[PDB]
Amino acid sequence: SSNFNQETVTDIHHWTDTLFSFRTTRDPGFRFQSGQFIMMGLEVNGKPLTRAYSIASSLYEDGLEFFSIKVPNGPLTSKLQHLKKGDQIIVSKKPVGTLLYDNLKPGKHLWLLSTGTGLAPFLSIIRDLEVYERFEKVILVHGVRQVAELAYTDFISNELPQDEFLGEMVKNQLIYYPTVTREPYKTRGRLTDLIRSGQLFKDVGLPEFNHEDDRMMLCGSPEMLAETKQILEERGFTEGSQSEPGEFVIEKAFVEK
Ligand SMILES: Cc1cc2nc3c(=O)[nH]c(=O)nc-3n(C[C@H](O)[C@H](O)[C@H](O)COP(=O)(O)OP(=O)(O)OC[C@H]3O[C@@H](n4cnc5c(N)ncnc54)[C@H](O)[C@@H]3O)c2cc1C
Ligand SMILES: NC(=O)c1ccc[n+]([C@@H]2O[C@H](COP(=O)([O-])OP(=O)(O)OC[C@H]3O[C@@H](n4cnc5c(N)ncnc54)[C@H](OP(=O)(O)O)[C@@H]3O)[C@@H](O)[C@H]2O)c1
């Protein structure tokens with residue numbers, strides 16, 4: 001109103017029939033921290049129709065980016081799927097979220113554990129110089145059902161290591177670990193199963209989580225997150241907050257409404 005900026009769509013790409021990304025302009029007033037979410041959506045019948053969305057773009061990029069589900073009868077995404085370049089969206093002005101470095105004690109390895117659209121905030125974090133200064137390795141796990149749901153997989157593997165500003169840090173420090181559950185692919189499984197078997201650690205070449213070295217951000221389905229939270233706490237890791245830095249922090253990629 002006043003609670004929103006209007007932005008224009010500058011590009012759009014559909015990954016699958018349930019996943020798409022788009023880029024927009026960015027109001028010069030807008031600021032956020034990598035990992036945060038805002039309310040995004042459309043003016044519908046002169047009223048805002050908005051939903052929580054992670055900001056997928058890099059923190060000082062002159063533009064915004066969203067990585068979105070398409071839910072066929074979802075009030076927002078049943079509309080938002082039909083976006084075209086030039087269309088208007090609205091974006092709220094007060095970012096929030098728990099996916100923040102300072103909610104974590106200092107460490108050596110940051111594991112970004114995601115399913116589905118829960119990759120979104122991590123697309124911002126892995127484009128933040130700050131993360132590479134704070135952590136010697138950043139391990140991005142992205143778990144999906146189908147190989148075509150590995151949104152950004154060519155960008156992450158092939159383009160991002162060539163970035164002028166981030167490329168050498170990414171070549172040296174980012175370990176990208178896509179995994180698929182329901183189609184043939186070189187890496188298969190749920191990240192829960194891959195942690196319990198030890199397979200994750202063997203494949204990325206790092207030791208099993210330890211209290212001194214390893215920190216985690218989790219973003220994905222409620223079920224993944226409840227199960228992975230139990231895994232980490234059984235291993236002695238504690239949830240961080242702003243008042244008390246811990247070893248992991250959690251954000252839902254969506255809620256079952
Ligand atoms: C902190 C937070 C951040 C979020 N960030 C994102 C984001 O970056 N991208 C995004 O696409 N959504 C994200 N969501 C989900 C988003 O808020 C909306 O639910 C989504 O835009 C769909 O809106 P809708 O009105 O079409 O359907 P809704 O009525 O909101 O959702 C209906 C149902 O669709 C399913 N659902 C909704 N969102 C998702 C999803 N992302 N993945 C899988 N299933 C889903 C659930 O079954 C849900 O009950 C986030 C939610 C939270 C709480
Ligand atoms: N938390 C929930 O309530 C939840 C969870 C998943 C799906 N869904 C339903 O399915 C739709 C799509 O969900 P989605 O975007 O999460 O996509 P999805 O394609 O259902 O799942 C994404 C990836 O997460 C894995 N996964 C599922 N449960 C997990 C767990 N407990 N721990 C670790 N990984 C797990 C999946 O493995 P598998 O192939 O083995 O399932 C898959 O590889 C939702 O909109 C909703 O209707 C709900």
# chains A, B, ... in the order shown; residues from 1 in each chain; ligands from 1
$ residues_near_ligand --ligand "ligand 1" --cutoff "10 Å" --atoms "only C-alpha atoms and all ligand atoms" --output "ChimeraX atom specification"
/A:18-21,35-41,49-56,65-81,96-99,115-122,219-222,250-257
$ residues_around --residues "residue 160 of chain A" --least-positions-apart "5" --cutoff "9 Å" --atoms "only C-alpha atoms" --output "count of residues only"
7
$ closest_residue --among "A:150, A:144, A:169, A:44" --to "residue 126 of chain A" --atoms "only C-alpha atoms"
A:169
$ atom_distance --atom1 "atom CA of residue 177 of chain A" --atom2 "atom CA of residue 200 of chain A"
8.7 Å
$ residues_around --residues "residue 215 of chain A" --least-positions-apart "3" --cutoff "6 Å" --atoms "only C-alpha atoms" --output "ChimeraX atom specification"
/A:110,247-248
$ select_by_dssp --residues "segment 9-257 of chain A" --states "strand (DSSP E or B)" --output "ChimeraX atom specification"
/A:9-16,19-24,37-44,47-54,64-69,88-92,96,104,109-115,137-144,174-180,188,214-220,239,246,248-252
$ write_last_selection --atoms "C-alpha atoms" --output "PDB file, in the first residue's frame"
ATOM      1  CA  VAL A   9       9.077  -8.905 -13.835  1.00  0.00           C
ATOM      2  CA  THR A  10      12.243  -8.868 -15.952  1.00  0.00           C
ATOM      3  CA  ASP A  11      12.643 -12.570 -16.671  1.00  0.00           C
ATOM      4  CA  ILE A  12      10.922 -15.917 -16.046  1.00  0.00           C
ATOM      5  CA  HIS A  13      11.874 -19.546 -16.430  1.00  0.00           C
ATOM      6  CA  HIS A  14       9.833 -22.647 -15.818  1.00  0.00           C
ATOM      7  CA  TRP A  15      11.794 -25.605 -14.566  1.00  0.00           C
ATOM      8  CA  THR A  16       8.866 -28.093 -14.420  1.00  0.00           C
ATOM      9  CA  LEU A  19       8.527 -25.147 -10.300  1.00  0.00           C
ATOM     10  CA  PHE A  20       9.445 -21.801 -11.825  1.00  0.00           C
ATOM     11  CA  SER A  21      11.727 -18.825 -11.136  1.00  0.00           C
ATOM     12  CA  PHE A  22      11.431 -15.167 -11.966  1.00  0.00           C
ATOM     13  CA  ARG A  23      13.470 -12.021 -11.579  1.00  0.00           C
ATOM     14  CA  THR A  24      12.170  -8.526 -10.919  1.00  0.00           C
ATOM     15  CA  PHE A  37      12.073 -13.870   3.514  1.00  0.00           C
ATOM     16  CA  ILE A  38       9.516 -11.198   2.684  1.00  0.00           C
ATOM     17  CA  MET A  39       5.796 -11.252   1.650  1.00  0.00           C
ATOM     18  CA  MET A  40       5.407 -11.376  -2.128  1.00  0.00           C
ATOM     19  CA  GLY A  41       2.453 -11.577  -4.439  1.00  0.00           C
ATOM     20  CA  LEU A  42      -0.115  -9.681  -6.446  1.00  0.00           C
ATOM     21  CA  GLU A  43      -2.603  -6.885  -6.150  1.00  0.00           C
ATOM     22  CA  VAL A  44      -5.883  -8.684  -6.683  1.00  0.00           C
ATOM     23  CA  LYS A  47      -6.171  -5.937  -2.154  1.00  0.00           C
ATOM     24  CA  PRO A  48      -2.769  -7.563  -1.558  1.00  0.00           C
ATOM     25  CA  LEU A  49      -2.657 -11.351  -2.021  1.00  0.00           C
ATOM     26  CA  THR A  50       0.778 -12.254  -0.660  1.00  0.00           C
ATOM     27  CA  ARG A  51       2.677 -15.201   0.758  1.00  0.00           C
ATOM     28  CA  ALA A  52       5.974 -15.686   2.498  1.00  0.00           C
ATOM     29  CA  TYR A  53       8.808 -16.014  -0.012  1.00  0.00           C
ATOM     30  CA  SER A  54      12.558 -16.339   0.464  1.00  0.00           C
ATOM     31  CA  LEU A  64      15.129  -9.568  -6.921  1.00  0.00           C
ATOM     32  CA  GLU A  65      14.657 -13.283  -7.639  1.00  0.00           C
ATOM     33  CA  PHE A  66      12.037 -15.821  -6.497  1.00  0.00           C
ATOM     34  CA  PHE A  67      12.059 -19.599  -6.801  1.00  0.00           C
ATOM     35  CA  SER A  68       8.384 -20.742  -6.648  1.00  0.00           C
ATOM     36  CA  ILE A  69       6.131 -23.674  -6.417  1.00  0.00           C
ATOM     37  CA  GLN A  88       3.724  -6.145 -11.797  1.00  0.00           C
ATOM     38  CA  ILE A  89       4.176  -7.861  -8.445  1.00  0.00           C
ATOM     39  CA  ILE A  90       4.229  -6.501  -4.908  1.00  0.00           C
ATOM     40  CA  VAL A  91       6.974  -7.155  -2.328  1.00  0.00           C
ATOM     41  CA  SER A  92       6.770  -6.176   1.422  1.00  0.00           C
ATOM     42  CA  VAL A  96      12.489 -11.469   8.558  1.00  0.00           C
ATOM     43  CA  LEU A 104      25.025 -19.816  14.701  1.00  0.00           C
ATOM     44  CA  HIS A 109      31.602 -26.069   7.817  1.00  0.00           C
ATOM     45  CA  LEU A 110      28.153 -24.719   6.982  1.00  0.00           C
ATOM     46  CA  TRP A 111      25.758 -27.347   5.729  1.00  0.00           C
ATOM     47  CA  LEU A 112      22.769 -25.921   3.866  1.00  0.00           C
ATOM     48  CA  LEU A 113      20.246 -28.778   3.912  1.00  0.00           C
ATOM     49  CA  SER A 114      17.324 -28.250   1.567  1.00  0.00           C
ATOM     50  CA  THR A 115      14.447 -29.982  -0.168  1.00  0.00           C
ATOM     51  CA  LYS A 137      33.370 -25.088   3.420  1.00  0.00           C
ATOM     52  CA  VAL A 138      29.759 -24.490   2.536  1.00  0.00           C
ATOM     53  CA  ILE A 139      27.883 -27.690   1.599  1.00  0.00           C
ATOM     54  CA  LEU A 140      24.665 -27.219  -0.296  1.00  0.00           C
ATOM     55  CA  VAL A 141      22.465 -30.330  -0.319  1.00  0.00           C
ATOM     56  CA  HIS A 142      19.382 -30.097  -2.546  1.00  0.00           C
ATOM     57  CA  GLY A 143      16.967 -33.060  -2.468  1.00  0.00           C
ATOM     58  CA  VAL A 144      14.195 -33.531  -5.011  1.00  0.00           C
ATOM     59  CA  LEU A 174      31.301 -24.653  -2.105  1.00  0.00           C
ATOM     60  CA  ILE A 175      30.394 -28.299  -2.269  1.00  0.00           C
ATOM     61  CA  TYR A 176      27.152 -28.798  -4.251  1.00  0.00           C
ATOM     62  CA  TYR A 177      25.405 -32.050  -3.507  1.00  0.00           C
ATOM     63  CA  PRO A 178      22.138 -32.542  -5.516  1.00  0.00           C
ATOM     64  CA  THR A 179      20.287 -35.745  -4.741  1.00  0.00           C
ATOM     65  CA  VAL A 180      17.259 -37.340  -6.330  1.00  0.00           C
ATOM     66  CA  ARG A 188      20.186 -40.777  -4.802  1.00  0.00           C
ATOM     67  CA  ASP A 214      29.832 -28.109  11.880  1.00  0.00           C
ATOM     68  CA  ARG A 215      26.903 -25.805  11.611  1.00  0.00           C
ATOM     69  CA  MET A 216      23.644 -26.251   9.712  1.00  0.00           C
ATOM     70  CA  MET A 217      20.853 -24.316   8.083  1.00  0.00           C
ATOM     71  CA  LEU A 218      17.765 -26.330   7.244  1.00  0.00           C
ATOM     72  CA  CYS A 219      15.097 -25.278   4.809  1.00  0.00           C
ATOM     73  CA  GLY A 220      12.535 -27.677   3.365  1.00  0.00           C
ATOM     74  CA  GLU A 239      19.044 -24.943  17.764  1.00  0.00           C
ATOM     75  CA  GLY A 246      23.617 -22.498  18.407  1.00  0.00           C
ATOM     76  CA  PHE A 248      21.645 -25.160  13.529  1.00  0.00           C
ATOM     77  CA  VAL A 249      18.701 -23.026  12.470  1.00  0.00           C
ATOM     78  CA  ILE A 250      15.468 -24.095  10.701  1.00  0.00           C
ATOM     79  CA  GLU A 251      12.928 -22.484   8.423  1.00  0.00           C
ATOM     80  CA  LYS A 252       9.922 -24.131   6.800  1.00  0.00           C
TER      81      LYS A 252
END
$ select_by_dssp --residues "segment 190-245 of chain A" --states "alpha helix (DSSP H)" --output "MDAnalysis selection string"
chainID A and resid 191:197 199:204 222:234
$ residues_around --residues "residue 34 of chain A" --least-positions-apart "6" --cutoff "6 Å" --atoms "only C-alpha atoms" --output "list in words"
residues 59, 124 and 125 of chain A
$ write_last_selection --atoms "C-alpha atoms" --output "PDB file, in the first residue's frame"
ATOM      1  CA  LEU A  59      22.054  -9.240  -1.247  1.00  0.00           C
ATOM      2  CA  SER A 124      21.137 -15.914  -1.825  1.00  0.00           C
ATOM      3  CA  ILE A 125      23.578 -17.268   0.792  1.00  0.00           C
TER       4      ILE A 125
END
$ atom_distance --atom1 "atom CA of residue 26 of chain A" --atom2 "atom CA of residue 3 of chain A"
14.9 Å
$ closest_residue --among "A:192, A:230, A:172, A:210" --to "ligand 2" --atoms "only C-alpha atoms and all ligand atoms"
A:192
$ decode --residues "segment 179-211 of chain A" --atoms "N, CA and C atoms" --output "PDB file, in the first residue's frame"
ATOM      1  N   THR A 179      20.665 -34.335  -4.882  1.00  0.00           N
ATOM      2  CA  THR A 179      20.287 -35.745  -4.741  1.00  0.00           C
ATOM      3  C   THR A 179      18.837 -35.848  -5.126  1.00  0.00           C
ATOM      4  N   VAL A 180      18.540 -37.062  -5.719  1.00  0.00           N
ATOM      5  CA  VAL A 180      17.259 -37.340  -6.330  1.00  0.00           C
ATOM      6  C   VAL A 180      16.670 -38.640  -5.807  1.00  0.00           C
ATOM      7  N   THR A 181      15.389 -38.683  -5.558  1.00  0.00           N
ATOM      8  CA  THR A 181      14.828 -39.903  -5.007  1.00  0.00           C
ATOM      9  C   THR A 181      14.053 -40.779  -5.968  1.00  0.00           C
ATOM     10  N   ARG A 182      13.440 -40.288  -7.035  1.00  0.00           N
ATOM     11  CA  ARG A 182      12.448 -41.118  -7.781  1.00  0.00           C
ATOM     12  C   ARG A 182      12.824 -41.276  -9.252  1.00  0.00           C
ATOM     13  N   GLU A 183      14.064 -40.956  -9.625  1.00  0.00           N
ATOM     14  CA  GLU A 183      14.563 -41.174 -11.005  1.00  0.00           C
ATOM     15  C   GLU A 183      16.055 -41.480 -10.874  1.00  0.00           C
ATOM     16  N   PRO A 184      16.616 -42.213 -11.885  1.00  0.00           N
ATOM     17  CA  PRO A 184      17.978 -42.493 -11.932  1.00  0.00           C
ATOM     18  C   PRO A 184      18.802 -41.213 -12.020  1.00  0.00           C
ATOM     19  N   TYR A 185      19.777 -41.179 -11.164  1.00  0.00           N
ATOM     20  CA  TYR A 185      20.705 -40.044 -11.049  1.00  0.00           C
ATOM     21  C   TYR A 185      21.883 -40.554 -10.286  1.00  0.00           C
ATOM     22  N   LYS A 186      23.064 -39.908 -10.456  1.00  0.00           N
ATOM     23  CA  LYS A 186      24.307 -40.337  -9.875  1.00  0.00           C
ATOM     24  C   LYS A 186      24.322 -40.296  -8.371  1.00  0.00           C
ATOM     25  N   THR A 187      23.445 -39.483  -7.752  1.00  0.00           N
ATOM     26  CA  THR A 187      23.332 -39.338  -6.320  1.00  0.00           C
ATOM     27  C   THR A 187      21.880 -39.515  -5.956  1.00  0.00           C
ATOM     28  N   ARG A 188      21.557 -40.481  -5.136  1.00  0.00           N
ATOM     29  CA  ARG A 188      20.186 -40.777  -4.802  1.00  0.00           C
ATOM     30  C   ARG A 188      19.904 -40.853  -3.328  1.00  0.00           C
ATOM     31  N   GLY A 189      18.698 -40.447  -2.941  1.00  0.00           N
ATOM     32  CA  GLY A 189      18.277 -40.590  -1.562  1.00  0.00           C
ATOM     33  C   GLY A 189      17.736 -39.308  -0.934  1.00  0.00           C
ATOM     34  N   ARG A 190      17.173 -39.495   0.250  1.00  0.00           N
ATOM     35  CA  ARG A 190      16.812 -38.440   1.160  1.00  0.00           C
ATOM     36  C   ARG A 190      17.997 -38.045   1.986  1.00  0.00           C
ATOM     37  N   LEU A 191      18.110 -36.747   2.329  1.00  0.00           N
ATOM     38  CA  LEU A 191      19.247 -36.310   3.096  1.00  0.00           C
ATOM     39  C   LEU A 191      19.252 -36.874   4.520  1.00  0.00           C
ATOM     40  N   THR A 192      18.085 -37.192   5.053  1.00  0.00           N
ATOM     41  CA  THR A 192      17.939 -37.862   6.347  1.00  0.00           C
ATOM     42  C   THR A 192      18.650 -39.235   6.291  1.00  0.00           C
ATOM     43  N   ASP A 193      18.293 -40.017   5.290  1.00  0.00           N
ATOM     44  CA  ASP A 193      18.897 -41.387   5.115  1.00  0.00           C
ATOM     45  C   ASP A 193      20.380 -41.261   4.852  1.00  0.00           C
ATOM     46  N   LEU A 194      20.792 -40.271   4.047  1.00  0.00           N
ATOM     47  CA  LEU A 194      22.221 -40.115   3.717  1.00  0.00           C
ATOM     48  C   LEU A 194      23.093 -39.680   4.907  1.00  0.00           C
ATOM     49  N   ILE A 195      22.503 -38.947   5.857  1.00  0.00           N
ATOM     50  CA  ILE A 195      23.186 -38.635   7.102  1.00  0.00           C
ATOM     51  C   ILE A 195      23.279 -39.899   7.984  1.00  0.00           C
ATOM     52  N   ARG A 196      22.165 -40.601   8.128  1.00  0.00           N
ATOM     53  CA  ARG A 196      22.197 -41.789   9.047  1.00  0.00           C
ATOM     54  C   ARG A 196      23.130 -42.857   8.542  1.00  0.00           C
ATOM     55  N   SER A 197      23.201 -43.070   7.255  1.00  0.00           N
ATOM     56  CA  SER A 197      24.122 -44.135   6.708  1.00  0.00           C
ATOM     57  C   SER A 197      25.555 -43.683   6.707  1.00  0.00           C
ATOM     58  N   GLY A 198      25.883 -42.361   6.800  1.00  0.00           N
ATOM     59  CA  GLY A 198      27.264 -41.864   6.612  1.00  0.00           C
ATOM     60  C   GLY A 198      27.599 -41.558   5.168  1.00  0.00           C
ATOM     61  N   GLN A 199      26.715 -41.937   4.217  1.00  0.00           N
ATOM     62  CA  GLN A 199      26.963 -41.747   2.794  1.00  0.00           C
ATOM     63  C   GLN A 199      27.243 -40.254   2.466  1.00  0.00           C
ATOM     64  N   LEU A 200      26.471 -39.358   3.089  1.00  0.00           N
ATOM     65  CA  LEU A 200      26.701 -37.905   2.752  1.00  0.00           C
ATOM     66  C   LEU A 200      28.132 -37.483   2.930  1.00  0.00           C
ATOM     67  N   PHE A 201      28.700 -37.903   4.061  1.00  0.00           N
ATOM     68  CA  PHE A 201      30.050 -37.490   4.455  1.00  0.00           C
ATOM     69  C   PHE A 201      31.124 -38.082   3.557  1.00  0.00           C
ATOM     70  N   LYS A 202      30.947 -39.358   3.256  1.00  0.00           N
ATOM     71  CA  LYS A 202      31.861 -40.046   2.315  1.00  0.00           C
ATOM     72  C   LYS A 202      31.807 -39.417   0.946  1.00  0.00           C
ATOM     73  N   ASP A 203      30.613 -39.080   0.453  1.00  0.00           N
ATOM     74  CA  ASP A 203      30.539 -38.539  -0.907  1.00  0.00           C
ATOM     75  C   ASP A 203      31.115 -37.101  -1.011  1.00  0.00           C
ATOM     76  N   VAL A 204      30.899 -36.297   0.013  1.00  0.00           N
ATOM     77  CA  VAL A 204      31.460 -34.913  -0.029  1.00  0.00           C
ATOM     78  C   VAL A 204      32.874 -34.848   0.505  1.00  0.00           C
ATOM     79  N   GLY A 205      33.380 -35.932   1.125  1.00  0.00           N
ATOM     80  CA  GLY A 205      34.757 -35.922   1.538  1.00  0.00           C
ATOM     81  C   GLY A 205      35.020 -35.163   2.789  1.00  0.00           C
ATOM     82  N   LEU A 206      34.054 -34.991   3.619  1.00  0.00           N
ATOM     83  CA  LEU A 206      34.258 -34.381   4.935  1.00  0.00           C
ATOM     84  C   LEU A 206      33.878 -35.306   6.051  1.00  0.00           C
ATOM     85  N   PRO A 207      34.442 -35.145   7.249  1.00  0.00           N
ATOM     86  CA  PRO A 207      34.062 -35.962   8.363  1.00  0.00           C
ATOM     87  C   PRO A 207      32.629 -35.793   8.818  1.00  0.00           C
ATOM     88  N   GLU A 208      32.068 -36.798   9.483  1.00  0.00           N
ATOM     89  CA  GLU A 208      30.787 -36.771  10.165  1.00  0.00           C
ATOM     90  C   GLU A 208      30.712 -35.557  11.052  1.00  0.00           C
ATOM     91  N   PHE A 209      29.492 -34.982  11.171  1.00  0.00           N
ATOM     92  CA  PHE A 209      29.249 -33.739  11.895  1.00  0.00           C
ATOM     93  C   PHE A 209      29.961 -33.881  13.269  1.00  0.00           C
ATOM     94  N   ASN A 210      30.677 -32.844  13.655  1.00  0.00           N
ATOM     95  CA  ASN A 210      31.137 -32.718  15.020  1.00  0.00           C
ATOM     96  C   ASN A 210      30.866 -31.318  15.594  1.00  0.00           C
ATOM     97  N   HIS A 211      30.736 -31.267  16.921  1.00  0.00           N
ATOM     98  CA  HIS A 211      30.294 -30.106  17.662  1.00  0.00           C
ATOM     99  C   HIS A 211      31.177 -28.907  17.467  1.00  0.00           C
TER     100      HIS A 211
END
